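Take a look at this one chain, the form deposited without the named molecule, written out in structure tokens.
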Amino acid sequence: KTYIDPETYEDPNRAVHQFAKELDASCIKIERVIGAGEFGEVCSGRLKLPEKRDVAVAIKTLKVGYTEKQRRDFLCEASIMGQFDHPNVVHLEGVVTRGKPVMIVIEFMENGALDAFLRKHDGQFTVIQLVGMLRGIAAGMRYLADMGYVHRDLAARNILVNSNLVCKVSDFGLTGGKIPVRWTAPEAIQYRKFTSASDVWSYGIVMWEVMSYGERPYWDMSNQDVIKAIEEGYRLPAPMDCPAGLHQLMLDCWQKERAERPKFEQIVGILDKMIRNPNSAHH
């Protein structure tokens, strides 16, 4: 059981039907817009589910009159997401591909993106709560990594949070395009060498984003200033109250030699020790 790059499929859609269960549109309720995506509005709503008990769902719509080269790309997310089954990876309920408005139906994550969520609750979570959010994200990325999937766009804006503060990896897509530089490893930006090692550099920024409560990595520095800065050995500092051991794990994630960075397996260990005791996150 390892990820099947859909793009080896010829007919792109055959991937959707293998990985993403088609749902009935009459079993889907839209209640609320909660965002907008590349392809159209993200809504909150309900699915059932014969089984029983309406399940709360996020619903990503493909806006009407899409091009063929948006129904392929938009539904590429389902083909990837539906291959995954882990508590710290957003769950697919299924898709709508024909005969009805095109949708991806995803488990409802009450608290939305982790970066917008932490800005609204600035200073409300202890280190041990924050360590826990990252332990989750790291558990997710270890599973995605063991499955041979490379995310390429790990950022707090692409992590979703439920009402128990369980953090889940979302936004499946596998600096080419939207992959912005301030989350990307130097060898991914310069050489397009995308790996789990480069996801770990990005995980390191997510650590900074979390401990800073949704501060923008590198603040207002231009992409070019961030690249020269990182090239000179500049690394971001410990946000307010962020223990030195957590910031140290950040710095190891941000080693310029990709093989010197910890694997997600080790990151989960270092985070568990820290939950279990100061760590000590300074000692």
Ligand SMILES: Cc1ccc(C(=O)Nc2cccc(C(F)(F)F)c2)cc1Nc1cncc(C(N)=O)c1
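When you see a residue number, it is the position in the sequence shown, counting from 1.
The same protein also has a form solved in complex with the named molecule, omitted here; what follows describes it.
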property: Open or blocked, the named molecule overlaid from its pose in the entry with it bound onto this form, 2.4 Å backbone/C-beta test; result: blocked
property: Every residue of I128, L271 and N279 near the named molecule in the entry with it bound, heavy atom within 4.5 Å; result: no
property: Listed range touching the named molecule, judged in the entry with it bound by heavy atoms within 4.5 Å, from 128-136, 85-93, 208-216, 191-199; result: 85-93
property: Residue contact check: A155 to the named molecule in the entry with it bound, 4.5 Å heavy atom; result: no
property: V181 within 4.5 Å of the named molecule in the entry with it bound, heavy atoms; result: no
property: 4.5 Å heavy atom contact, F117 and the named molecule in the entry with it bound; result: no
property: Contact of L251 with the named molecule in the entry with it bound (heavy atom, 4.5 Å); result: no
property: Contact assignment for the named molecule in the entry with it bound, among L47, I227, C242, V42, heavy atom within 4.5 Å; result: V42
property: Contacts with the named molecule in the entry with it bound - residues in 98-113 whose heavy atoms fall within 4.5 Å; result: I106, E107, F108, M109, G112
